[PDB]
Every structure is written in structure tokens, then in C-alpha cells.
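Just the one chain here, the form deposited in one PDB entry, laid out as C-alpha cells.
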């Protein structure tokens, strides 16, 4: 299949009673995921908290976040996890179109990296309906453009929290810097220099997510390698080398230490 634009649709088969563990996976863009049928359990490993998501539940993973969570099937049916990615072009468009200004903002919900909402059952119907049609030339892109223009506007003023921030974030600068030269052997001095800062906002943004400097770079390269596997055709050796890993062994180790699957197994989950 071809690529996409402002919205990335990726559906995965949830093997009944299989655990989907994620250890420090980098979330490059905003992502929401929900199950089409059945039920499942969501376990966040950072905060010792569990959840029971249903077909009416939706989960948000914020951009530039380091996630440590797990998802486990609780249904006899091969559940169909739909993961939708929201790129920056819709983020800047959504942030402007909303002319509202919150008088009291729940800063706890703004600092959290894994939100959970139970949508109106009417919205779940519109959810899987438009997703099953994607995509058309700037035609299906506008169908989800209008849906999330009202869904996010509703949930933001309902919870009195900004869930999709605009730009200007220290993690966005580090991420786009490393991705501008993914194969470069980035060190600490290269990040501080081209960002015109020192280890005050730097180490804190690493300690706030519980990752070393090397751990962050590896997780950025994992998600970059995943975006290459999304095309459909690519040998693991090229994916490892074009993502910045010196050897296929260290790429497979970090990938399995991040996705809890072999890199070839994720290629089978796609096709």
C-alpha cells in the first residue's frame, strides 16, 4: 500500500492473551489508539496504574514522549487495535482554529503522557467509519480533519486541559535535531551547542522521562526504523544501517528491548 499524509492509519492484530510490552519507546508524533471490539487491559509501567479499556475507550500518547506501558488482550476474538498518528500539520491547524482560551488549566493532565477518555458512543461509530475509508486525495484527509476539530475541541474544554500543544518544546528541538542527521554519532556537546543552551533544561528533560542520553538516541532511532518498515519492502540490514545502528545485532537488541518483538516479527505484523 502507499504512504499517507496528515494521518497515518496502522491496524494490528491483538493475539488473545498476548502481552504487548513497551520499554522506553519514543513517540515521534501524536498518537491515539483504540480497539474495534472486545476488551483489553492497559498497564502503565511508569506509574503503577492499570486500566480496562473498551470499544468506547481511547488512549492518547503525546509527542516526544518516552512510554513504558503494556497492553494485554482480554477477549476471545482477535482484537483489532487501530493506531492513528497525527502529524504536525494538523496540530498547528487544530491549535489555531480553536479560538478558546481556558481560564483554569489542569496542569496535571498537561504533564501526563498517557491520557484515557471514554468517548460518546456516537463518536466511536464515526471513528471506525472514517478510518475504514482512508484515504482520498485531500478528501479523506478533510474527513478526519473535521472530526478531530470537534472531538479535541470537546475533550479539551471538557477536561479544561490542552492535550495537543503547538510547538516550542525542548524535546521537539532535540528530536528534530537528531532526525536531521540520523546516522551522525551525536554526543552531548553536539546537542548543547546547536541548541545554544547547557545541562539545565537538557539533563532535566532526560531525567523527567527517566532516560540517559544514549537511551534517548536509541529510542529515537527505533521509531525511525519503524517508519521505514511501514513502507513494506526493506531488508533488516538496510533498516538497521539507515537508522544509525552500526550492526544488525545491536539494532535487534535495542529493538527487542523496546518493542519486545524481533524486528522481523514486526514486519510480519504489517504484512
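The term rigid core refers to the most C-alpha atoms you can superpose between the two forms while keeping them within 1.5 Å. Numbering follows the first chain given and starts at 1.
Below: the form deposited in another entry, not depicted.
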Check: Quick one: with the rigid core lined up, which of 74, 182, 81, 162 moves its CA 2 Å or more between this form and the one not shown?
Finding: 162
Item checked: C-alpha of residue 194 moved at least 2 Å between this form and the one not shown on rigid core -> no
Check: Has the Cα of residue 210 moved 2 Å or more between this form and the one not shown, judged after a core fit?
Finding: no
Next item on the list: Could you check whether the CA atom of residue 231 moves 2 Å or more between this form and the one not shown, using the rigid core for the fit?
Entry: yes
Note to self: Having a change of 3 Å or more in the C-alpha distance between residue 107 and residue 211, I'd like to know whether it is closer or farther in the other entry than in the form here.
What the structure shows: farther
Note to self: Relative to what's shown here, the Cα pair residue 159 and residue 115 differs by 3 Å or more in the other entry. Does it come closer or drift farther?
What the structure shows: closer
